[PDB]
Amino acid sequence: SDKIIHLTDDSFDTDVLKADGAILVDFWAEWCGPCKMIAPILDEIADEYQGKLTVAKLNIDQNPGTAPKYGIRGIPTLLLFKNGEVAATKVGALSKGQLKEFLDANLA
């Protein structure tokens, strides 16, 4: 993309778990309706939140390893990482407005 980290099983530790800041990970798949529905929305958020957090996308079919370690079932699942630790969790789609509220409240 441009600002979105395109994650893999092998880059997860470095990209997410080792990052000095907040990472908003999207677990998601090509066939998933709601994932695709929010994909443009993650684009918007990556812009508005520059220097506050980085957005990262793990497609859980091309990267099957990492999902089971966070007990993911329902997709999309958005996970806020704070310096490699999960602060917050949202399952399913939500609008841009609903995601602002989530981040703003959990980034504090």
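One is the number of the first residue shown, and numbering goes on along the chain from there.
Structure determined by X-ray crystallography, 2.6 Å.
Every residue, even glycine, has its Cβ placed from backbone N, Cα and C.
Taken verbatim from Swiss-Prot:
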type	residues	note
ACT_SITE	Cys32	active site, nucleophile
ACT_SITE	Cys35	active site, nucleophile
DISULFID	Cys32-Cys35	disulfide bond
DOMAIN	1-108	domain 'Thioredoxin'
MOD_RES	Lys69	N6-acetyllysine
SITE	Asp26	site 'Deprotonates C-terminal active site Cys'
SITE	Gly33	site 'Contributes to redox potential value'
SITE	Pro34	site 'Contributes to redox potential value'
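You'll find the Cα of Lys69 (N6-acetyllysine) roughly 14 Å from the Cα of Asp26 (site 'Deprotonates C-terminal active site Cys'). In the three-state DSSP classification, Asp26 (site 'Deprotonates C-terminal active site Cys') falls within a strand. Annotated pair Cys32 (active site, nucleophile) and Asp26 (site 'Deprotonates C-terminal active site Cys'), C-alpha to C-alpha distance, rounded: 12 Å.
Highest local Cβ density among the recorded sites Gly33, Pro34 belongs to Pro34, counted as other Cβ atoms within 10 Å over all protein chains shown. It is 14 Å from the Cα atom of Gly33 (site 'Contributes to redox potential value') to that of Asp26 (site 'Deprotonates C-terminal active site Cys').
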